[PDB]
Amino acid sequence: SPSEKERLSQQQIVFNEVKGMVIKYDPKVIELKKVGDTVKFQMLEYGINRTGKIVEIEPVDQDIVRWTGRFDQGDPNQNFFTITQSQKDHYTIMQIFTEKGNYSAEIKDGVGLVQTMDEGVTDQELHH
């Protein structure tokens, strides 16, 4: 974690484009964010291009920390996002809730997948 001339790098973009949308992710960017810092999401294909601010950092256990934030120009009562990240396994889950749609991101070892929640399940009714 400790380094020089790079820890100061504070980019607002969380992940970058490269069933769903493949993205590249750096877990060190969010770990350098404190309560009040600005965070940006870019999902242009899904029509999402907006910024937000970290409002809550919560250790869920010794290994998992959850970041919670709200968007600057959404609906202040409903819209928000969460980034829950495990350190031991380089695994991060994101919940992005906007009025234009809901998006989930599952990331493992710097590579991840973002998709609309309708892609999250396909199944058939089960009978006896």
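Each residue number is its position in the shown sequence, starting from 1.
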Does the deposited sequence hold unmodelled residues between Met117 and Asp118, and if so, how many: none, 1 to 3, 4 to 9, or 10 or more? none
Between 56 to 64 and 71 to 79 (mean CA B-factor, as deposited), the higher: 56 to 64
Can you tell me which third, lowest, middle or highest, the CA B-factor of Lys100 falls into for its chain? lowest
Ranking every modelled residue in this chain by its Cα temperature factor as given in the entry, which third contains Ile93? lowest
